[PDB]
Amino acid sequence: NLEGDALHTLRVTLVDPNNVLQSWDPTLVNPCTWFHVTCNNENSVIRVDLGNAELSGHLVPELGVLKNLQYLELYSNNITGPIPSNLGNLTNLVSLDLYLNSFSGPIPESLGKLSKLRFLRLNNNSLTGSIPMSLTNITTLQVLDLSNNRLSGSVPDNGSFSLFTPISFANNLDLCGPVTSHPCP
């Protein structure tokens, strides 16, 4: 189906040395029987569990097709390139864990469109630029770690960021804010 095709696209663009994605047969009617993929009672993907799988390569915008996905777990890998904009089209996403990877470029503004997101762990990456102010508008956000990154600029202290601690924004290139030691100019 559409969800399985989107995941197979990811298989093609990722490097899988240990063949952890071998179960991902596109000829299967749905991807739920695949290992590392979990589905709801209506056979729609809700989890992709690929943490510490020695995966390299890059993500695809087709991950956006998975409208009922709640948990995207790609942590402790060597995945490179940018986080796609289409990840904002993941309306039901609750956890985005991309930490301990070599992701680069900006944190998409689209991530603010994740109305029900509860966990954002992007730490230990090479992500660059400013922290989008869209993220503050995610009411459900309870966990945020943007540490060990090379981001820059104003650190939001409003909305969901109101409760957040310095450990969330630690070891960054030039973050200015109340949470930071240095003020914003």
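Numbering starts at 1 and follows the sequence shown.
Remark: stretch with higher mean C-alpha B factor among 46 to 54 and 22 to 30 is 46 to 54. The PDB entry records a higher mean C-alpha B factor for 128 to 136 than for its counterpart among 57 to 65 and 128 to 136. As recorded in the PDB entry, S154 shows the highest C-alpha B-factor of the residues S154, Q70, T38, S147. Ranked by Cα temperature factor within the chain, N89 sits in the middle third according to the deposited record.
Per-chain ranking of the deposited C-alpha B factor places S76 in the middle third. Placement of the Cα temperature factor of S102 within the chain: middle third of the modelled residues, per the deposited record.
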